[PDB]
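**Student:** File entry15.txt follows (compact mmCIF, N, CA, C and O atoms):
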```txt
# COMPACT_ATOMS: atom_id res chain seq x y z
N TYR A 505 83.91 -148.14 109.35
CA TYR A 505 84.69 -148.25 110.58
C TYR A 505 85.01 -146.89 111.20
O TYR A 505 85.66 -146.86 112.25
N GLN A 506 84.58 -145.79 110.60
CA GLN A 506 84.92 -144.48 111.13
C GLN A 506 84.22 -144.25 112.46
O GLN A 506 83.08 -144.71 112.65
N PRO A 507 84.85 -143.55 113.40
CA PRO A 507 84.26 -143.38 114.73
C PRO A 507 83.25 -142.25 114.78
O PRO A 507 83.22 -141.36 113.94
N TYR A 508 82.40 -142.31 115.81
CA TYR A 508 81.37 -141.31 116.03
C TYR A 508 81.34 -140.91 117.50
O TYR A 508 81.39 -141.78 118.38
N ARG A 509 81.26 -139.61 117.76
CA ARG A 509 81.18 -139.06 119.12
C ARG A 509 79.72 -138.73 119.42
O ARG A 509 79.31 -137.57 119.43
N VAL A 510 78.92 -139.77 119.68
CA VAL A 510 77.51 -139.56 119.97
C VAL A 510 77.36 -138.75 121.25
O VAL A 510 77.87 -139.13 122.31
N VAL A 511 76.65 -137.63 121.15
CA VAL A 511 76.39 -136.74 122.28
C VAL A 511 74.91 -136.80 122.59
O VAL A 511 74.07 -136.51 121.72
N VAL A 512 74.57 -137.17 123.82
CA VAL A 512 73.19 -137.21 124.29
C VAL A 512 73.05 -136.12 125.35
O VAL A 512 73.62 -136.23 126.44
N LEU A 513 72.31 -135.07 125.02
CA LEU A 513 72.10 -133.94 125.91
C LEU A 513 70.68 -134.03 126.46
O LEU A 513 69.71 -133.78 125.74
N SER A 514 70.57 -134.41 127.73
CA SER A 514 69.27 -134.55 128.38
C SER A 514 68.92 -133.26 129.12
O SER A 514 69.73 -132.74 129.89
N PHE A 515 67.72 -132.76 128.87
CA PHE A 515 67.23 -131.53 129.48
C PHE A 515 66.11 -131.88 130.44
O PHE A 515 65.08 -132.43 130.03
N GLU A 516 66.29 -131.57 131.73
CA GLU A 516 65.32 -131.97 132.73
C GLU A 516 64.11 -131.04 132.77
O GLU A 516 64.21 -129.84 132.48
N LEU A 517 62.97 -131.61 133.15
CA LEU A 517 61.74 -130.87 133.40
C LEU A 517 61.09 -131.40 134.68
O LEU A 517 59.88 -131.63 134.75
N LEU A 518 61.91 -131.60 135.71
CA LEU A 518 61.42 -132.09 137.00
C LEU A 518 60.70 -130.96 137.73
O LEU A 518 60.47 -129.87 137.19
N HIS A 519 60.33 -131.21 138.99
CA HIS A 519 59.58 -130.24 139.78
C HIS A 519 60.51 -129.16 140.34
O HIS A 519 60.47 -128.81 141.52
N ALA A 520 61.34 -128.62 139.46
CA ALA A 520 62.27 -127.55 139.76
C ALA A 520 62.15 -126.49 138.68
O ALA A 520 61.97 -126.82 137.50
N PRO A 521 62.25 -125.22 139.05
CA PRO A 521 62.05 -124.15 138.06
C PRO A 521 63.15 -124.14 137.02
O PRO A 521 64.24 -124.69 137.21
N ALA A 522 62.84 -123.53 135.88
CA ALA A 522 63.80 -123.42 134.79
C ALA A 522 65.06 -122.71 135.26
O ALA A 522 65.00 -121.73 136.00
N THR A 523 66.21 -123.22 134.83
CA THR A 523 67.50 -122.66 135.24
C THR A 523 68.35 -122.30 134.03
O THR A 523 69.18 -121.39 134.10
N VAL A 524 68.15 -123.01 132.92
CA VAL A 524 68.93 -122.81 131.70
C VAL A 524 67.98 -122.42 130.57
O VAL A 524 67.08 -123.19 130.23
N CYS A 525 68.19 -121.24 130.00
CA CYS A 525 67.31 -120.74 128.95
C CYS A 525 68.09 -119.82 128.02
O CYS A 525 69.14 -119.27 128.39
N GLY A 526 67.57 -119.64 126.81
CA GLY A 526 68.15 -118.76 125.83
C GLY A 526 67.39 -117.45 125.73
O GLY A 526 66.19 -117.39 126.01
N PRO A 527 68.06 -116.39 125.31
CA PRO A 527 67.45 -115.06 125.31
C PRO A 527 66.68 -114.76 124.03
O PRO A 527 66.65 -115.56 123.09
N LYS A 528 66.05 -113.59 124.02
CA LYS A 528 65.37 -113.05 122.85
C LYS A 528 65.96 -111.66 122.60
O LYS A 528 65.42 -110.65 123.06
N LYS A 529 67.06 -111.62 121.86
CA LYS A 529 67.83 -110.40 121.65
C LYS A 529 68.11 -110.23 120.17
O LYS A 529 68.34 -111.21 119.45
N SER A 530 68.11 -108.97 119.70
CA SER A 530 67.88 -107.79 120.53
C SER A 530 67.10 -106.72 119.77
O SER A 530 67.04 -106.75 118.54
N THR A 531 66.51 -105.79 120.50
CA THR A 531 65.80 -104.66 119.92
C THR A 531 66.15 -103.39 120.69
O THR A 531 66.64 -103.45 121.82
N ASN A 532 65.91 -102.25 120.06
CA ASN A 532 66.10 -100.96 120.69
C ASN A 532 64.77 -100.41 121.18
O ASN A 532 63.72 -100.64 120.58
N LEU A 533 64.83 -99.68 122.29
CA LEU A 533 63.65 -99.00 122.79
C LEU A 533 63.36 -97.80 121.91
O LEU A 533 64.27 -97.10 121.45
N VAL A 534 62.08 -97.56 121.65
CA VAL A 534 61.63 -96.42 120.87
C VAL A 534 60.64 -95.63 121.72
O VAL A 534 59.68 -96.20 122.24
N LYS A 535 60.88 -94.34 121.85
CA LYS A 535 60.04 -93.49 122.67
C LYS A 535 59.10 -92.66 121.81
O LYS A 535 59.30 -92.50 120.60
N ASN A 536 58.05 -92.15 122.45
CA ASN A 536 57.13 -91.20 121.83
C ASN A 536 56.50 -91.77 120.56
O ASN A 536 56.35 -91.07 119.56
N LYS A 537 56.13 -93.04 120.60
CA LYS A 537 55.49 -93.67 119.45
C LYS A 537 54.76 -94.92 119.93
O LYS A 537 55.23 -95.61 120.83
N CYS A 538 53.61 -95.20 119.32
CA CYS A 538 52.89 -96.43 119.64
C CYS A 538 53.73 -97.64 119.29
O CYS A 538 53.97 -97.94 118.11
N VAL A 539 54.18 -98.34 120.32
CA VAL A 539 54.98 -99.55 120.20
C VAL A 539 54.31 -100.64 121.02
O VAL A 539 53.85 -100.38 122.14
N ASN A 540 54.23 -101.85 120.46
CA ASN A 540 53.78 -103.01 121.23
C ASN A 540 54.98 -103.56 122.00
O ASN A 540 55.61 -104.55 121.62
N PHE A 541 55.29 -102.90 123.11
CA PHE A 541 56.46 -103.24 123.90
C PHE A 541 56.28 -104.57 124.61
O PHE A 541 55.16 -105.01 124.90
N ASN A 542 57.41 -105.21 124.91
CA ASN A 542 57.45 -106.42 125.73
C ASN A 542 58.60 -106.26 126.71
O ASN A 542 59.76 -106.24 126.31
N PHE A 543 58.27 -106.14 127.99
CA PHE A 543 59.25 -105.89 129.03
C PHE A 543 59.24 -107.07 130.00
O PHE A 543 58.46 -107.10 130.94
N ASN A 544 60.12 -108.03 129.74
CA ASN A 544 60.39 -109.13 130.66
C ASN A 544 59.11 -109.84 131.07
O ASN A 544 58.90 -110.18 132.24
N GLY A 545 58.23 -110.06 130.10
CA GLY A 545 56.95 -110.69 130.35
C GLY A 545 55.79 -109.73 130.50
O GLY A 545 54.64 -110.18 130.54
N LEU A 546 56.05 -108.43 130.58
CA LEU A 546 54.99 -107.42 130.58
C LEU A 546 54.72 -107.02 129.14
O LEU A 546 55.59 -106.45 128.47
N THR A 547 53.52 -107.32 128.65
CA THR A 547 53.15 -107.06 127.27
C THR A 547 52.03 -106.03 127.23
O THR A 547 50.99 -106.22 127.87
N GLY A 548 52.23 -104.96 126.47
CA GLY A 548 51.23 -103.92 126.39
C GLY A 548 51.47 -103.02 125.20
O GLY A 548 52.54 -103.04 124.58
N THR A 549 50.46 -102.22 124.90
CA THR A 549 50.48 -101.28 123.78
C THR A 549 50.35 -99.86 124.33
O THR A 549 49.40 -99.56 125.05
N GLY A 550 51.30 -99.00 123.98
CA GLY A 550 51.26 -97.65 124.48
C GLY A 550 52.45 -96.85 124.02
O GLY A 550 53.31 -97.33 123.28
N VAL A 551 52.49 -95.61 124.49
CA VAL A 551 53.52 -94.65 124.13
C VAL A 551 54.47 -94.51 125.31
O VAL A 551 54.04 -94.23 126.43
N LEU A 552 55.76 -94.67 125.06
CA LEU A 552 56.78 -94.63 126.10
C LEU A 552 57.34 -93.22 126.21
O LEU A 552 57.65 -92.60 125.19
N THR A 553 57.48 -92.72 127.43
CA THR A 553 57.99 -91.39 127.69
C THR A 553 59.04 -91.45 128.79
O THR A 553 59.10 -92.40 129.57
N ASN B 211 67.58 -98.31 169.99
CA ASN B 211 67.73 -97.50 171.18
C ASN B 211 67.31 -98.24 172.44
O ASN B 211 67.51 -97.73 173.54
N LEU B 212 66.73 -99.43 172.29
CA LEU B 212 66.21 -100.21 173.41
C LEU B 212 67.28 -101.19 173.89
O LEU B 212 68.43 -101.15 173.46
N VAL B 213 66.89 -102.09 174.80
CA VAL B 213 67.82 -103.03 175.42
C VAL B 213 67.47 -104.47 175.06
O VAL B 213 68.26 -105.16 174.41
N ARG B 214 66.30 -104.95 175.48
CA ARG B 214 65.97 -106.36 175.37
C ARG B 214 64.73 -106.64 174.54
O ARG B 214 64.76 -107.54 173.68
N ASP B 215 63.63 -105.92 174.75
CA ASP B 215 62.42 -106.23 174.00
C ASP B 215 62.48 -105.66 172.59
O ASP B 215 63.42 -104.96 172.20
N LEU B 216 61.45 -105.99 171.81
CA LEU B 216 61.35 -105.52 170.44
C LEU B 216 61.08 -104.02 170.39
O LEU B 216 60.50 -103.45 171.32
N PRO B 217 61.50 -103.35 169.32
CA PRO B 217 61.22 -101.91 169.20
C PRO B 217 59.75 -101.61 168.97
O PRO B 217 58.92 -102.52 168.90
N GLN B 218 59.42 -100.33 168.85
CA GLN B 218 58.04 -99.88 168.70
C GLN B 218 57.74 -99.29 167.33
O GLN B 218 56.56 -99.07 167.02
N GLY B 219 58.75 -99.04 166.50
CA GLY B 219 58.52 -98.40 165.23
C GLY B 219 57.93 -99.33 164.17
O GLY B 219 57.79 -100.54 164.36
N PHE B 220 57.59 -98.73 163.03
CA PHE B 220 57.08 -99.46 161.88
C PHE B 220 58.16 -99.51 160.81
O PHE B 220 58.69 -98.47 160.40
N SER B 221 58.46 -100.72 160.33
CA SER B 221 59.54 -100.93 159.38
C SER B 221 59.03 -101.71 158.19
O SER B 221 58.43 -102.78 158.34
N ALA B 222 59.29 -101.19 156.99
CA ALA B 222 59.06 -101.93 155.76
C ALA B 222 60.27 -102.81 155.51
O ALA B 222 61.39 -102.31 155.38
N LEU B 223 60.05 -104.11 155.43
CA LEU B 223 61.13 -105.09 155.48
C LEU B 223 61.37 -105.61 154.06
O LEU B 223 60.71 -106.54 153.61
N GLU B 224 62.34 -105.00 153.38
CA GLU B 224 62.52 -105.18 151.94
C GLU B 224 63.08 -106.56 151.61
O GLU B 224 63.66 -107.23 152.48
N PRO B 225 62.92 -107.02 150.37
CA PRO B 225 63.44 -108.34 149.99
C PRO B 225 64.94 -108.33 149.74
O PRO B 225 65.56 -107.29 149.53
N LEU B 226 65.52 -109.53 149.76
CA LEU B 226 66.93 -109.73 149.46
C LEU B 226 67.14 -110.49 148.16
O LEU B 226 67.80 -109.99 147.25
N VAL B 227 66.57 -111.68 148.05
CA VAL B 227 66.81 -112.54 146.90
C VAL B 227 65.86 -113.73 146.95
O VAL B 227 65.35 -114.09 148.02
N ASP B 228 65.61 -114.33 145.79
CA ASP B 228 64.87 -115.58 145.68
C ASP B 228 65.83 -116.71 145.33
O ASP B 228 66.84 -116.48 144.65
N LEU B 229 65.53 -117.91 145.81
CA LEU B 229 66.36 -119.07 145.54
C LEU B 229 65.52 -120.16 144.89
O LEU B 229 64.44 -120.49 145.40
N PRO B 230 65.96 -120.73 143.77
CA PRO B 230 65.23 -121.86 143.18
C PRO B 230 65.65 -123.19 143.76
O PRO B 230 66.47 -123.90 143.16
N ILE B 231 65.12 -123.56 144.93
CA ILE B 231 65.52 -124.80 145.58
C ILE B 231 64.53 -125.92 145.25
O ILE B 231 64.94 -127.04 144.93
N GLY B 232 63.24 -125.62 145.31
CA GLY B 232 62.21 -126.58 144.96
C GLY B 232 62.20 -127.85 145.78
O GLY B 232 62.02 -128.94 145.23
N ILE B 233 62.37 -127.75 147.10
CA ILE B 233 62.36 -128.91 147.97
C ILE B 233 61.34 -128.68 149.08
O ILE B 233 60.99 -127.55 149.42
N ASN B 234 60.87 -129.79 149.66
CA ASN B 234 60.01 -129.69 150.83
C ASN B 234 60.82 -129.16 152.00
O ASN B 234 62.05 -129.23 152.02
N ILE B 235 60.12 -128.59 152.98
CA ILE B 235 60.79 -127.94 154.10
C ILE B 235 59.85 -127.96 155.30
O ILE B 235 58.66 -127.66 155.17
N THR B 236 60.36 -128.38 156.46
CA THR B 236 59.51 -128.41 157.65
C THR B 236 60.13 -127.74 158.87
O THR B 236 59.39 -127.12 159.64
N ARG B 237 61.44 -127.86 159.08
CA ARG B 237 62.04 -127.38 160.31
C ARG B 237 63.32 -126.61 160.03
O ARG B 237 64.12 -127.01 159.17
N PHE B 238 63.52 -125.52 160.75
CA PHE B 238 64.73 -124.72 160.64
C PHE B 238 65.48 -124.74 161.97
O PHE B 238 64.94 -125.14 163.00
N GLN B 239 66.74 -124.29 161.94
CA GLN B 239 67.54 -124.17 163.16
C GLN B 239 68.64 -123.15 162.93
O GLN B 239 69.25 -123.13 161.86
N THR B 240 68.90 -122.33 163.94
CA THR B 240 69.86 -121.25 163.85
C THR B 240 71.28 -121.71 164.21
O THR B 240 71.49 -122.77 164.81
N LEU B 241 72.26 -120.89 163.84
CA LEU B 241 73.66 -121.10 164.15
C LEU B 241 74.17 -119.97 165.04
O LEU B 241 73.78 -118.81 164.87
N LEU B 242 75.03 -120.32 165.99
CA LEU B 242 75.53 -119.38 166.99
C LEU B 242 77.06 -119.38 166.96
O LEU B 242 77.67 -120.38 166.59
N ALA B 243 77.66 -118.26 167.35
CA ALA B 243 79.12 -118.13 167.37
C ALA B 243 79.65 -118.33 168.78
O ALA B 243 79.26 -117.61 169.70
N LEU B 244 80.55 -119.30 168.94
CA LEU B 244 81.15 -119.64 170.23
C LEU B 244 82.66 -119.56 170.09
O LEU B 244 83.28 -120.48 169.55
N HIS B 245 83.25 -118.49 170.60
CA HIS B 245 84.71 -118.41 170.64
C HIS B 245 85.26 -119.57 171.45
O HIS B 245 84.93 -119.73 172.63
N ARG B 246 86.09 -120.39 170.80
CA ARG B 246 86.44 -121.68 171.36
C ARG B 246 87.30 -121.52 172.61
O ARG B 246 87.85 -120.46 172.89
N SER B 247 87.39 -122.61 173.36
CA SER B 247 87.98 -122.56 174.69
C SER B 247 89.46 -122.19 174.64
O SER B 247 90.21 -122.63 173.77
N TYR B 248 89.86 -121.35 175.60
CA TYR B 248 91.24 -120.99 175.83
C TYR B 248 91.49 -121.14 177.33
O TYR B 248 90.70 -121.77 178.04
N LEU B 249 92.58 -120.58 177.82
CA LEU B 249 92.87 -120.68 179.24
C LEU B 249 92.09 -119.63 180.02
O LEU B 249 92.65 -118.94 180.88
N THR B 250 90.79 -119.52 179.75
CA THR B 250 89.91 -118.55 180.40
C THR B 250 88.69 -119.29 180.94
O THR B 250 87.70 -119.46 180.21
N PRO B 251 88.73 -119.75 182.20
CA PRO B 251 87.63 -120.54 182.76
C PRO B 251 86.46 -119.68 183.21
O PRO B 251 85.86 -119.01 182.37
N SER B 256 82.93 -128.57 180.36
CA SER B 256 84.01 -127.94 179.60
C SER B 256 83.66 -126.51 179.23
O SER B 256 82.49 -126.18 179.01
N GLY B 257 84.68 -125.65 179.15
CA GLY B 257 84.47 -124.24 178.91
C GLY B 257 84.09 -123.90 177.48
O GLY B 257 84.93 -123.93 176.58
N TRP B 258 82.83 -123.54 177.28
CA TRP B 258 82.26 -123.21 175.98
C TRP B 258 81.40 -121.97 176.15
O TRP B 258 81.54 -121.23 177.13
N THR B 259 80.50 -121.73 175.19
CA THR B 259 79.40 -120.77 175.33
C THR B 259 79.92 -119.35 175.57
O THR B 259 79.73 -118.76 176.64
```
Represent the structure from my file as structure tokens, please.
**Tutor:**
Amino acid sequence: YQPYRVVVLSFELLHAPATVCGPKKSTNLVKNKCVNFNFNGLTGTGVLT
Amino acid sequence: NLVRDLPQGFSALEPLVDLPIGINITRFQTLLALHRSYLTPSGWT
């Protein structure tokens, strides 16, 4: 007989761009070394100066 | 520096912001400011 607070969280995927998202945190920038950096969707291999 | 017609210079017209509306769109219309009627001569415009 104990009660339950059923929570139904519906996440839409209609013809509207994403509005709610979680981050990918966190890392520190490293300079003067070969790092496979990722900058907000820009992915590349190189030395940062 | 001109009066009525468009200027003659070249301007790079920078962005302001993007909006995620995602709706169809066909027609626009502008809004104008009309100081409402007073005792200065219906009187609009």
**Student:** Specify as a CSV table (one decimal) with N, CA, C and O atoms, keeping the file's coordinate frame all residues of chain A found within 8 Å of chain B, counting only N, CA, C and O atoms.
**Tutor:**
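Heads up, here's the output in out.csv:
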```
chain,number,residue,atom,x,y,z
A,518,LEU,N,61.9,-131.6,135.7
A,518,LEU,CA,61.4,-132.1,137.0
A,518,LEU,C,60.7,-131.0,137.7
A,518,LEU,O,60.5,-129.9,137.2
A,519,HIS,N,60.3,-131.2,139.0
A,519,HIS,CA,59.6,-130.2,139.8
A,519,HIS,C,60.5,-129.2,140.3
A,519,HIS,O,60.5,-128.8,141.5
A,520,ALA,N,61.3,-128.6,139.5
A,520,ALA,CA,62.3,-127.6,139.8
A,520,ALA,C,62.2,-126.5,138.7
A,520,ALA,O,62.0,-126.8,137.5
A,521,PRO,N,62.2,-125.2,139.0
A,521,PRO,CA,62.0,-124.2,138.1
A,521,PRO,C,63.2,-124.1,137.0
A,521,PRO,O,64.2,-124.7,137.2
A,522,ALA,N,62.8,-123.5,135.9
A,522,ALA,CA,63.8,-123.4,134.8
A,522,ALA,C,65.1,-122.7,135.3
A,522,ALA,O,65.0,-121.7,136.0
```
**Student:** Report, in Å with one decimal, the straight-line distance from atom C of residue 223 of chain B to atom N of residue 211 of chain B.
**Tutor:**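 According to the coordinates, atom C of residue 223 of chain B and atom N of residue 211 of chain B are separated by 18.6 Å.
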**Student:** How many Å lie between atom CA of residue 535 of chain A and atom CA of residue 551 of chain A, rounded to one decimal?
**Tutor:**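 That distance, rounded to one decimal, is 6.8 Å.
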**Student:** In Å, how far is it from atom N of residue 529 of chain A to atom N of residue 544 of chain A?
**Tutor:** 11.1 Å
**Student:** Can you pull out the residues contacting segment 537-540 of chain A? Cut-off 4.5 Å, using only N, CA, C and O atoms, and skip same-chain residues under 2 positions away; I want them as a list in words.
**Tutor:** residues 535, 542, 548, 549, 550, 551 and 552 of chain A
**Student:** Find the residue from B:222, B:213, B:243, B:229 that sits nearest to residue 523 of chain A; use only C-alpha atoms when measuring.
**Tutor:**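 Ranking B:222, B:213, B:243, B:229 by distance to residue 523 of chain A, first place goes to B:229.
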**Student:** As AutoDock Vina command-line options, please report the centre and edge lengths, rounded to one decimal in Å, of the axis-aligned box that holds all listed atoms of segment 509-519 of chain A with 3 Å of padding on each of the six sides.
**Tutor:**
```
--center_x 70.4 --center_y -134.3 --center_z 129.6 --size_x 27.7 --size_y 17.0 --size_z 29.8
```
